[PDB]
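Only one chain is included here, represented as structure tokens and corresponding to the form deposited without the DNA and RNA.
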């Protein structure tokens, strides 16, 4: 049994990261997640913790599930040193490495065999591999775009199957990510998240932030609310917990990416004028394939992913395109 960390944590920098420190909340969250509904053999489970920070979540999770292996990747020296002292002698494996560098995994998993998960058939969420990560710091919006890309190509940690992942991140980032068609928050990442995953909002630190999300989704989600006080590094923006589960898809990622990339950079432009961005003569080509027309008056910001799939299908069938 590992020691729960309290306001000892009231002593570091964090580089823009924020952490929930109130154990009461984590319990509500873990009760809400009901992880063992999928991980029925926790003794067998292996967990990867990216940017643990204060290891409060790590100590609580471990204390509740005793996984086969819980590994924490902390790059920040002060925090690394902190965790190193607190959990000294614990079952937790604490390594100081950049969690957001491809080289780290190539070496810890492949080369050194320090942490190697069980690969499984992507017909169901991997049930022996779980990954948790804090992305509350700077550039979370970019890190997430990259993260998504790996689901699409099955790179990185996704080469092990459909692995569940719980991520903390600024609520503003969570609002773009979970944004639905038509919303102002709609961006390329919402479309990608829609296309490759089933993500649920599990917790948020500001009841005021819920208005940015879909009222209907907030319904189905019913996310645990908590305050700014339960977040250590104070005076920071509100954070949000998301459960990200990859899903199966059957379309051409390469072309789809090309099309969505172009259309979404002009997401506010009507579909009856934006097509020439795909290539010279694009509008005239597309106006001859698209019959519906009710969607010709829309904008990319209004389209669903299925509509995008349809649009890239037309793209590939574009004749005389060397």
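Numbering follows the first chain given and starts at 1.
Report the stretch with the higher mean CA temperature factor, choosing between 1 to 9 and 313 to 321 on the basis of the entry.
Averaged over C-alpha atoms, the B-factors run higher in 1 to 9.
Greater mean Cα temperature factor according to the PDB record, 292 to 300 or 261 to 269:
In the deposited entry, the stretch with the higher C-alpha B-factor mean is 292 to 300.
Comparing recorded Cα B-factors across 212, 152, 170, 181, which one is largest?
Among 212, 152, 170, 181, the PDB entry lists the largest C-alpha B-factor for 212.
From 87, 147, 160, 196, residue of greatest CA B-factor
When the deposited C-alpha B-factors of 87, 147, 160, 196 are compared, 87 is largest.
Mind checking which third residue 241 falls in for C-alpha B-factor across the chain?
CA B-factor rank for residue 241: lowest third.
Among all modelled residues of this chain, ranked by Cα B factor, put residue 30 in the bottom, middle or top third, i.e. lowest, middle or highest.
Answer is middle: the recorded C-alpha B-factor places it there.
What third of its chain's C-alpha B-factors does residue 216 belong to: lowest, middle or highest?
For residue 216, whose C-alpha B-factor we compare with every modelled residue in the chain, the answer is the highest third.
By the record's CA B-factor, is residue 92 among the lowest, middle or highest third of residues in the chain?
Its C-alpha B-factor, which the entry lists for residue 92, ranks in the highest third among residues of this chain.
For residue 226, return the chain-relative third of its C-alpha B-factor as stated in the PDB record: lowest, middle or highest.
Answer is lowest: the recorded C-alpha B-factor places it there.
Below, we refer to the form deposited with the DNA and RNA bound, which is not included among the displayed structures.
Exercise: residue 115 in contact with the DNA and RNA in the entry with it bound, heavy atom 4.5 Å
No.
Any of the heavy atoms of residue 218 lying within 4.5 Å of the DNA and RNA in the entry with it bound?
No, no contact at 4.5 Å.
Is there a non-hydrogen atom of residue 266 within 4.5 angstroms of a non-hydrogen atom of the DNA and RNA in the entry with it bound?
Residue 266 belongs to the contact set for the DNA and RNA.
Is residue 189 close enough to touch the DNA and RNA in the entry with it bound, meaning at least one heavy atom pair within 4.5 Å?
Flag for residue 189 set to yes.
Just to confirm the contact call: exactly one of 199 to 207, 140 to 148, 158 to 166, 106 to 114 touches the DNA and RNA in the entry with it bound at a 4.5 Å heavy atom cutoff, so which is it?
Partner-contacting stretch among the options: 140 to 148.
Contacting member of 88, 222, 123, 101, with respect to the DNA and RNA in the entry with it bound [4.5 Å, heavy atom]
Checking each option against the DNA and RNA in the entry with it bound, the one that comes within 4.5 Å is 101.
By the heavy atom within 4.5 Å rule, which residue out of 256, 39, 62, 51 makes contact with the DNA and RNA in the entry with it bound?
Residue within 4.5 Å of the partner: 51.
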